Amino acid sequence: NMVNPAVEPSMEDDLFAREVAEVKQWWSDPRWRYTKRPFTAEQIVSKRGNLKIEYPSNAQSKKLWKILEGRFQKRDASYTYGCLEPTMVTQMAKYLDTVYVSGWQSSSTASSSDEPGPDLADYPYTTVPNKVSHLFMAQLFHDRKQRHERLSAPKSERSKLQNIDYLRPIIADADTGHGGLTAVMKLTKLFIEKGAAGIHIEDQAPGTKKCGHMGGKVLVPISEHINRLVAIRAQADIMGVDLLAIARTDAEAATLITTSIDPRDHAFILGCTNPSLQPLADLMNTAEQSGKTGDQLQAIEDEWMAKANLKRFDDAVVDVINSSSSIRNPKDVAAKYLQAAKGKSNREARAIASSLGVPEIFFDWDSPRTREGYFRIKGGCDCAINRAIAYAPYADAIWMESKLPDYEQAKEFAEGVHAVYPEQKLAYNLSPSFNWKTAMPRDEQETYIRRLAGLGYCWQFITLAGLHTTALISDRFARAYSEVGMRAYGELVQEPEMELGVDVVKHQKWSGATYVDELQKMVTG
Amino acid sequence: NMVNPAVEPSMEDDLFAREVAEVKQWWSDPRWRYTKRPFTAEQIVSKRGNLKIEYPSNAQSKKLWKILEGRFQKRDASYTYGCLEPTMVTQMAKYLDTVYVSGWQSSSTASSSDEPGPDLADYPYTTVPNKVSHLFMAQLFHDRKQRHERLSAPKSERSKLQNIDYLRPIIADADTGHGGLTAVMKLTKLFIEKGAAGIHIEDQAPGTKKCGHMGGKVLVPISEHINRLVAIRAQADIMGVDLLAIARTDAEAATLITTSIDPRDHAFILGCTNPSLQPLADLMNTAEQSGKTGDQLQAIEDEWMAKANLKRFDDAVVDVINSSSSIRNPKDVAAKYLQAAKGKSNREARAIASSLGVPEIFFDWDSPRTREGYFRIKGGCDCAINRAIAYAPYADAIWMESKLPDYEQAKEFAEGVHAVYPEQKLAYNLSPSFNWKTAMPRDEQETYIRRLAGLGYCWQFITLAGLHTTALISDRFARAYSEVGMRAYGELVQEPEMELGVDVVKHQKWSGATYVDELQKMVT
Amino acid sequence: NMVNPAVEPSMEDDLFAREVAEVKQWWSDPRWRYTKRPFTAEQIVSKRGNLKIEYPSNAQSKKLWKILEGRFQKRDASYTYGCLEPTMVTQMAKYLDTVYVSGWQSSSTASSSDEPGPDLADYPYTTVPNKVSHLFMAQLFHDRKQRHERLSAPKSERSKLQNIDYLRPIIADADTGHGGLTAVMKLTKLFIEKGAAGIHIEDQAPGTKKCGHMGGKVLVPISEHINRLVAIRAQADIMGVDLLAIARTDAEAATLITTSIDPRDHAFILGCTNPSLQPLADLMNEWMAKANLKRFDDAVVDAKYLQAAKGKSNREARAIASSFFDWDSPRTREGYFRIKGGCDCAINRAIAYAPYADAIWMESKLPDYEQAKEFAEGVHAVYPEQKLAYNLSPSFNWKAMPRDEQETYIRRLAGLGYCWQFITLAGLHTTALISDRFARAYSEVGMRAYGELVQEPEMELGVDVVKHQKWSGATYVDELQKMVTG
Amino acid sequence: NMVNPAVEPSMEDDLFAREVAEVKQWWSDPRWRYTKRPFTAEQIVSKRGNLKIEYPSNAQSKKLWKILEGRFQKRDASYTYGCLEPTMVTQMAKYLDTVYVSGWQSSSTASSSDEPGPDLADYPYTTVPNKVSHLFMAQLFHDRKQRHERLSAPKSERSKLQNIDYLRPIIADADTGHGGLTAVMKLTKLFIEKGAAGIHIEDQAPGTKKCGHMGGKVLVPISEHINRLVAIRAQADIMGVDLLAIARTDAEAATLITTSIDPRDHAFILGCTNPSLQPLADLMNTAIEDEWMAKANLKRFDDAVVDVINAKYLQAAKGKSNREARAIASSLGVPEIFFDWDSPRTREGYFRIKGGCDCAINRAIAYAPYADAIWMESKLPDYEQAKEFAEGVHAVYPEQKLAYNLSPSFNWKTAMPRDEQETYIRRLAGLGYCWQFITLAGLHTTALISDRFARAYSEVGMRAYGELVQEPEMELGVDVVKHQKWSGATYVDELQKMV
Ligand SMILES: [Mg+2]
Ligand SMILES: [Mg+2]
Ligand SMILES: [Mg+2]
Ligand SMILES: [Mg+2]
């Protein structure tokens with residue numbers, strides 16, 4: 001009949017050991033020399049099914065890895081930008097060796113539910129993985145098309161034909177993982193199934209995520225983001241692919257953090273140094289239960305914050321030492337304090353301060369909590385480096401959002417991470433949020449990427465360039481077209497296309513009309 | 001107890017009666033003064049369910065209808081181009097009053113399966129409606145975004161704020177219908193559900209459909225395309241909306257037709273006039289059943305075709321008249337034959353030539369059929385005019401593809417149609433497949449749309465302008481960007497956006513970040 | 001020249017005022033007599049666009065409202081179960097007046113990405129709203145099919161035909177909202193556009209959400225769940241629909257809470273009473289029993305201060321006392337707090353959610369009538385006309401109740417005010433049962449099993465689907481065709 | 001910088017050559033011994049891209065082939081039925097080695113647009129492949145879940161656990177290809193990407209696709225359907241997979257055909273033998289049809305030739321084009337026969353044909369070289385007819401696998417005695433019908449239990465759930481009764497603990 005087991009019991013153990021050995025051998029590849037796996041080959045194989053699946057995503061990540069390995073070793077950089085759709089990706093393939101898929105661009109132009117909006121990662125998590133597939137399936141198509149044209153013409157005739165590399169690895173945005181760890185693994189699975197060569201996940205909290213240059217970004221504990229990076233690697237291992245994992249931190253300008261449970265975040269959590277105040281939350285509640293609204297509540301909250309005199313604990317300590325009237329050598333004590341207290345938890349920092357003769361210090365990080373229950377933090381490059389260093393073992397590349405295209409801070413960040421992991425690859429957001437004309441003169445704009453590459457930033461990208469380029473020409477053309485009709489098409493579009501040799505100008509051929517026509521003749525012939 | 005009927009059997013008839021009355025009242029509206037409906041209000045209402053649904057697409061078509069009514073009457077035109085995605089649509093809204101969604105563009109950039117390819121209408125049929133929805137949901141969002149910013153500001157400060165009309169009616173490509181009449185109705189249903197103000201369907205056959213300017217187009221019989229147009233209207237009626245139905249004919253350049261069953265197509269079907277030849281099918285068969293396969297079989301067909309001496313029937317008749325000594329008045333016989341046989345079936349035409357004393361005409365349009373069984377046909381503007389006239393009662397606007405931006409032929413096509421229906425709106429494809437620099441000087445390029453508007457082409461569009469504009473800026477920026485890094489971004493993109501005052505340059509605000517933040521606060 | 005404003009400047013204020021007036025008029029309807037809106041009609045309108053859209057969803061929620069108003073007032077109840085797909089829905093339509101779309105069933109049979117998994121609300125949030133569309137579009141189709149049949153047939157023969165009400169209002173699972181408040185509004189927008197008559201949202205946290213009868217369920221603060229419920233009403237108001245919002249609380253068996261920020265939650269947060277103990281988190285590198293966790297009151301009562309401490313924060317609670325409690329040490333690794341759930345806790349939460357919910361549901365460990373009575377009475381002691389909903393969970397082992405009590409359970413709960421009841425996974429279970437039974441028999445005796453276990457039974461019960469072609473709408477579509485070419 | 005070619009010009013030729021070699025090697029495998037490929041390996045490779053992709057569809061394809069090969073050789077059969085969704089597929093997996101995905105069922109319950117309707121193949125063509133993915137992703141998940149459970153337990157205890165083969169090969173409905181040849185290859189590409197082990201395609205016309213037992217089905221020419229089967233194999237070859245291609249013919253009951261261009265169709269096309277009549281179209285336009293039809297005295301050519309005579313004609317006229325048949329008939333003294341198959345045409349332009357089993361055998365034999373299995377859509381469960389069809393096809397291709405659709409509509413209660421009902425499948429398998437299926441069983445079982453339960457539930461409430469659902473599940477040991485474990489809660493909980 002039709003009854004049979006998935007696997008004959010007699011062979012279950014054999015197949016398991018054999019597969020386990022294969023994974024341990026795989027993990028030995030140089031690809032993983034910087035990767036820390038807090039789990040065993042046995043644990044991973046034990047989660048796999050009986051049918052091994054191969055993914056073209058794997059090939060692309062291997063390709064991407066070969067590229068970034070070179071770039072970093074030579075202190076050069078591969079740079080690209082956020083691609084919106086297929087037309088754009090086929091043109092980018094001629095000059096850029098990678099492709100970036102922006103979640104910001106996806107919210108405004110590719111939500112799988114078609115409901116657009118600001119960059120809040122609040123679209124269905126199928127969104128970015130579907131954009132990857134949208135571009136990848138188009139890349140695979142134009143590759144087949146072109147190979148067909150090339151192999152179809154006499155060898156001596158090929159020098160005239162194009163030879164574009166359409167299979168440019170795609171790095172996609174995973175936002176914060178769209179939920180818990182089980183969601184992170186499912187998202188990663190889609191990304192691999194859809195073709196991503198690599199993905200990036202940020203240490204922000206889902207439900208509140210904002211674009212890197214917004215005020216009020218909320219972070220998650222360092223341990224939680226590490227879990228996310230581990231979950232991604234675990235899912236990739238289960239699927240047997242080399243998907244690159246990129247860690248992004250928003251600790252530079254972040255002002256909030258979900259919990260203070262992780263001692264590594266203690267040094268940066270703001271505490272109320274005023275013993276007389278009642279909790280902000282209590283104050284704010286009473287304020288609302290009294291009709292206070294808008295600017296009132298704000299004023300009431302603003303005053304509380306000021307009287308609170310919020311500071312990181314080390315600052316609270318240094319201020320006490322310097323204001324003292326009994327402590328001998330304030331500079332010496334403060335100096336010894338800061339040195340020993342670095343990276344210590346709050347309890348240990350307090351213990352250190354007391355051992356150095358400083359009196360007890362009032363420091364309360366609960367009273368300043370927001371109505372949601374979040375804690376306030378004073379981030380910055382130092383906070384960013386701390387996090388990057390902690391993520392490093394679980395990240396193939398690290399990225400830190402910044403406020404301006406500041407070379408020095410990029411240097412500061414890089415040297416900070418490299419002090420611990422000299423070979424850690426770095427990625428950088430050449431954000432269009434920065435007013436580049438105001439930020440730096442042309443000559444420096446022209447060398448910025450190169451200068452950053454010298455620092456280890458081997459992969460750089462202009463997040464929203466696709467959006468802006470499409471908007472600019474659309475605004476320009478639609479206007480001209482409305483003013484002078486077809487004169488605008490020939491002048492602003494068709495002629496420039498010819499002069500530049502844009503292959504799309506010959507739309508029929510560019511679309512694969514001949515390619516499919518030959519597929520047809522082959523079947524009917 | 002949870003058992004109850006959908007509707008009380010006692011009131012079923014009263015409700016049906018009232019609905020029918022409404023449908024009839026709706027049909028008397030001037031919106032339908034040119035519309036021929038081969039079915040009754042009772043038939044339509046009998047296909048409806050018990051829960052009436054209203055679609056924003058209906059509002060969009062009414063808006064479209066008002067716009068096109070105005071243009072045609074003033075002999076002006078609204079013109080737009082094929083929009084690729086949301087970023088593009090929000091910019092078009094500033095200068096263009098309508099939006100076009102191309103099936104061609106959808107093939108290379110928007111198939112529902114993500115499998116791209118050439119314009120063959122072979123992607124899943126949800127492809128174009130989904131693109132309509134993609135753009136329509138974005139327009140809706142941006143209209144919300146802008147109203148909030150405007151209403152949130154003091155009346156006195158609004159003059160400084162943008163006042164873009166994002167709700168530009170969308171006209172979509174329904175290809176040939178993606179299957180039979182039931183497929184046509186399902187397609188129209190999704191278009192209506194996705195926000196389409198109008199859709200266009202062409203007289204090519206699905207499966208062999210292709211680019212409007214590609215050689216070898218295959219036509220379906222006139223009756224078939226009319227059925228499609230009627231199917232569209234019926235579905236719109238069932239759903240209670242004013243969806244515009246635009247008919248497109250590919251007869252100007254088409255060389256094939258699927259069948260010879262429709263007498264209206266007989267005047268154009270090509271027949272072999274050499275009684276010594278054997279059917280092309282048998283020849284090619286016998287030929288391939290012995291190697292030769294390749295360019296040899298090709299040439300073998302060209303020769304047959306040459307020997308066949310193919311002609312439209314009227315010409316075959318006239319050729320026999322001018323070579324029959326038994327005919328005393330050849331000029332009179334020919335003229336009389338042409339006058340009477342005009343628009344008649346082959347059988348009627350043969351009966352006419354017969355009555356006029358014309359000898360037996362050897363004409364065989366079956367022998368020239370392709371291996372797929374397709375008949376040959378000589379189309380052209382005259383064939384297209386004939387089809388447009390036959391489609392007009394079931395089409396809100398008519399479109400005839402052309403080989404070149406030829407004003408004279410466009411005027412010829414318009415006159416042909418207006419001779420019978422002087423108020424028939426027309427549509428024109430300002431094709432980017434045409435070499436404009438080579439077609440007409442710049443000053444004439446700028447008057448072209450207006451010239452065409454004077455003829456009644458009240459709605460015109462550059463099918464693939466979105467593709468090309470996007471390709472251009474992408475090639476240019478990507479190249480420069482790979483050459484001078486960030487210098488190119490500020491020089492070619494950011495600074496120009498600033499100069500031009502492009503709202504997107506402040507992407508956060510443009511994306512609706514302020515709008516959602518206020519939604520947030522409202523909910524506290 | 002194709003350039004024109006969205007709205008002429010001189011009309012904007014007049015259009016706003018009029019629309020704001022319409023909304024205030026709408027909100028005065030008795031449908032909203034229990035509804036508390038912490039926002040104004042003006043705030044809502046200034047969030048709308050210039051094109052009003054009407055949804056068949058609004059019609060269904062109105063029909064649903066009319067149904068539940070009746071059930072509650074008569075102290076009866078409508079009961080249904082989770083539906084899997086169209087075939088099942090066309091059959092349920094004949095006997096039950098509402099339809100339920102389970103998030104549990106959706107995870108195992110309908111993720112938008114096709115990746116199955118346990119009930120963790122970790123599929124793309126598009127999942128459940130799509131399942132609603134799936135069934136609703138099918139309901140609409142069959143409504144058309146049947147109307148065509150009845151209307152086209154001789155009036156004297158209509159009594160011999162079916163007259164099924166396929167338009168049975170659907171209530172769907174919105175899990176915990178799938179993220180932040182903006183996600184909640186987007187999800188609601190989807191449910192409304194897809195056909196939902198009402199949706200339910202629970203006070204668990206995304207990422208940790210588990211099915212009602214799971215172990216350590218984690219709750220969000222009372223205030224956070226209220227925001228979710230207000231976000232839902234807010235989206236419905238923007239869209240102009242009457243969508244029902246059902247509040248579910250998992251407080252009866254929850255053991256953890258994300259934060260202690262809300263004072264209404266203080267009365268249930270467990271704190272260590274052993275000064276000798278060091279933080280639990282530190283030890284994890286048991287402590288519990290030794291910690292002697294207690295609620296502040298069960299620690300203060302060691303006379304009648306409880307009467308003035310009721311519903312007070314810990315700060316205010318301590319104050320009352322004067323005239324050792326530490327809840328930080330017990331915190332989990334994630335930073336969560338320990339809490340003692342229970343009916344009392346659920347009642348407290350139910351009461352806080354009430355002004356923002358059309359119906360309230362409290363998960364229970366067993367189908368316990370007495371507990372259901374206690375919950376109902378606790379809520380009603382404050383909001384006597386608050387509709388309640390109940391999960392006739394297939395997770396329970398009914399034989400927990402004798403056959404005779406099984407038959408009256410729904411009726412008894414109905415007396416308590418549980419006007420809407422549902423078996424979450426009945427759809428999954430019925431399909432599974434018949435599938436196993438049939439596939440097994442079919443593998444043994446071939447077509448004999450089909451004639452005996454399926455075909456013959458269908459014809460005897462007169463299942464309309466047995467006439468597959470007619471059922472699927474073959475005659476309906478065939479007529480549509482003849483009408484177009486006729 | 002970042003510019004580089006897709007492939008170095010100095011390597012293209014060699015890679016091409018090596019890949020072309022691999023394809024020829026692949027095609028020499030026994031899997032393809034019965035397969036005719038009207039194209040070259042060089043033609044296929046020249047259509048591929050530079051990135052090779054592996055599909056689990058292929059592994060399943062191989063598995064299915066191994067199964068069917070065994071079945072046919074032993075004259076046994078694998079049989080299954082149309083599956084609706086994941087729940088059903090996990091139960092079917094215990095007792096059935098294959099899974100069928102019905103287009104009919106997909107139309108009433110799975111259109112990718114959610115718009116249901118009768119079986120007319122007019123849903124978006126992503127419908128069926130999407131259903132395949134729906135079931136396959138579910139199979140893959142449960143396979144992992146169970147593997148983890150089994151491996152996580154000590155060997156000595158595994159015999160107490162389930163060991164269901166969830167990876168049951170899925171055969172799916174491709175209708176008529178959903179349009180032209182370019183659509184056929186696209187639809188085939190999706191099926192392969194989605195996980196199909198095999199697909200079947202029928203010889204009806206797409207715009208008028210009807211379900212098997214329908215009134216007037218329209219057929220495409222033999223050559224057109226062969227083009228579809230070849231298009232399927234080509235796409236499979238391009239993708240490097242072993243996808244099974246099943247050819248279905250509706251010629252047993254079809255009454256129309258799009259065109260008379262294919263000579264192999266000539267012996268079945270009905271013609272008018274009445275010379276005094278005007279074409280039907282002309283008649284209809286001048287405005288009765290049945291009237292014309294009757295006065296037309298429609299017959300197949302061979303029959304028209306006979307009547308004329310009243311004759312070795314039938315012998316030499318076998319499988320001959322009309323122009324040949326005519327040439328034959330006359331060479332035997334027979335007078336010019338009046339035959340016109342263009343006058344009977346429908347208003348859509350369709351020709352009339354008299355189908356039947358002989359017509360179906362003809363088509364099946366014509367498709368055989370391009371099909372891994374052949375199926376003749378039939379309505380009545382007639383053992384003798386099935387025998388007639390199989391012997392007809394086997395007379396030419398004795399090792400040609402056959403498929404069979406077990407009528408879900410016909411009344412089996414009176415169709416044959418119970419004994420005969422139980423042996424029907426076994427008897428067909430003996431004829432070479434190595435894979436059989438009940439297209440709509442999934443629909444009916446779900447429909448049956450739903451009506452029964454919804455009714456009982458509305459009558460006795462929870463009592464009904466205990467009596468008709470929960471108790472039986474427990475007594476039958478249905479794993480789904482413990483929904484949490486079954487859904488994979490422990491698998492995911494453990495997955496999370498690992499992280
Ligand atoms: Mg982002
Ligand atoms: Mg088109
Ligand atoms: Mg749930
Ligand atoms: Mg089918």
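Residue numbers start from 1 in every chain, and the chains themselves are labelled A, B, ... in the order their sequence lines are given, proteins ahead of strands. Counting starts at 1 for both ligands and their atoms, in listed order.
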Original post:
By side chain to side chain contact (heavy atoms under 4.5 Å, CB included), which residues pair with A/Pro432, not counting sequence neighbours?
Top reply: A/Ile462, A/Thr463, A/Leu464, A/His468, B/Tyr489, B/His507

**OP:** Quick one: give me the number of protein N/O/S atoms under 2.8 Å from the Mg ion (ligand 3).
**Re:** 1

Original post:
When you check the side-chain N and O atoms of D/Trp435 and D/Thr98, is any donor under 3.5 Å from an acceptor?
Top reply: yes

Original post:
With sequence neighbours left out, what residues match C/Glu252 under side chain to side chain contact (heavy atoms under 4.5 Å, CB included)?
Top reply: C/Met362, C/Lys365, C/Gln371

Original post:
How are the rings of A/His178 and A/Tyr123 set relative to one another: parallel (under 30°), tilted (30 to 60°) or perpendicular (over 60°)?
Top reply: tilted

**OP:** Please name all residues satisfying side-chain hydrogen bond (donor to acceptor under 3.5 Å, both in side chains) with C/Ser107, sequence neighbours left out, ordered by chain then number.
**Re:** none

Original post:
Quick one: does D/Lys209's side chain have a donor or acceptor within less than 3.5 Å of a partner on D/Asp122's backbone?
Top reply: no

